[PDB]
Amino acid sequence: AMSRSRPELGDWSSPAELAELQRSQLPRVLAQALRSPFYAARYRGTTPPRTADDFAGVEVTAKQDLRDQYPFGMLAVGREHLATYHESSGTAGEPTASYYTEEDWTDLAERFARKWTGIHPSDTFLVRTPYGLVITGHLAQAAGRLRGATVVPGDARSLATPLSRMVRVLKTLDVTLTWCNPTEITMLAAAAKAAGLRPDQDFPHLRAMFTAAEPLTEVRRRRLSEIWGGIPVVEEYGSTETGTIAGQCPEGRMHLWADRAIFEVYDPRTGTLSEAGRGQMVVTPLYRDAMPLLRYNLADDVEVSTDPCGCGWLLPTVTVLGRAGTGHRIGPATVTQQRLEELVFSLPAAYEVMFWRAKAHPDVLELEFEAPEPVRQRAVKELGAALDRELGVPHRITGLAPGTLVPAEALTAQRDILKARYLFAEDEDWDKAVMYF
């Protein structure tokens, strides 16, 4: 290929050709991995892996290995070559570090930008994930810049950008693309309604919503689409340590970006690695210098299939069920978030049920949800019938007043972006002197 050194969708015409694209990179990848303290330590007294054939024998890298190596045990280049440093979501007490060169970032930005809806200079792209240490906001911004879209840095979890300000931006800037988790898609819808705007009609320029970071059932995804006027909700799957490892096709399935990484399914019982099936997601990225990973186990429970899709992409599909869990068992029946989510989001759209939570007791499933008063009793009865029909678990279902789970102030409150002030006039509130956020 003229003028580019990493593969694109179309560079292989068969799974045999895809496999050759991968194995060709393994000598470079294996040489780079040995340059890091962690892999140099791992292969100390022995002969290390050097060839594509040697890769079959390579030991898995666990999350706990990355935490033990905090901060730069996994670093394979001089620190002068790093562009950005990031840490994972989850526990603050046991951080996981990731870091990337400028060239590593081109691979990251390309993988995010594989959005079947496209990202164009004509787009105004609201980035509504965090920029605080996590990679998510930086990744969407970098892909927006790569493709020439106007980036509106919404951030998320920032006091500067409450939902009321994000609704105003969505409408007044004619935003065409959003990036945020699926719960944030419903929070934005609720904040729109609280501002007197219909998500299904009053945002005519909004053409797609990019999402990730949560297990997302097709039933919930299609409801999120319907709330926002039937526009595409385009899912990806990623981690701080790997970048984007799978993206949605127009048929609504996520495909693994296998041209940019070797993907394997790990069976905890047998300790075997397969190219498809049910088990834990293992990733060997092929196009990074700073933080080489050999068979890094994300420990996400996944279903990988090589079975063809209506989209015709020559890549396996992946479903992400969730993380390692004991499964929540209520008698002979096993309840998953995924199964309850399907039942909750199968309620008629007219009931406006978006916010809910459940607790597994040994004897009973406790479930609460917000619904407007008129439809609340119908919703409780219909969701009870669904649990009886699909799970047969004992349940205590409670319908709640709006503003109970998601407070009205989260949806409507505006916050001035203040700065430190030390001297105040008599009539001014000096409570904002030093704690001004």
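Start at 1 and count along the sequence shown; that's the residue number. Note that the rigid core is defined as the largest set of C-alphas that superpose within 1.5 Å between two forms.
Which stretch is more displaced from the shown form in 4 other deposited structures of this protein, 202-210 or 331-339, with RMS over structures and residues of Cα positions after a rigid core fit? Once the cores are fitted, 331-339 deviates more in 4 other deposited structures of this protein.
Missing coords for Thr136 in a third or more of other PDB entries: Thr136: modelled in every other compared entry.
How about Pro95: is it missing from at least a third of the other entries compared? Counting only entries that model residues on both sides, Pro95 is resolved in every one of them.
Quick one: higher average CA temperature factor, 282-290 or 360-368? Comparing averages over the C-alpha atoms only gives 360-368.
Report the stretch with the higher mean CA temperature factor, choosing between 372-380 and 405-413 on the basis of the entry. For C-alpha atoms only, the mean B-factor is higher in 372-380.
Return the residue from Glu241, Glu275, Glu102, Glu110 that has the highest Cα B-factor in the entry. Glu275 has the highest C-alpha B-factor of those listed.
Mind checking which third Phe424 falls in for C-alpha B-factor across the chain? For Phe424, the deposited C-alpha B-factor lands in the middle third.
Considering only modelled residues of the same chain, in which third does the CA B-factor of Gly325 rank: lowest, middle or highest? Ranked within chain, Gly325 CA B lands in the highest tercile.
Determine, from the deposited record, the chain-internal third of the Cα B-factor for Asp300: lowest, middle or highest. According to the entry, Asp300 has a C-alpha B-factor in the chain's middle third.
Using the temperature factors of the C-alpha atoms in this entry, rank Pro71 within its chain: lowest, middle or highest third. For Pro71, whose C-alpha B-factor we compare with every modelled residue in the chain, the answer is the lowest third.
Third of the chain, ranked by Cα B-factor, where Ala350 sits: Answer is highest: the recorded C-alpha B-factor places it there.
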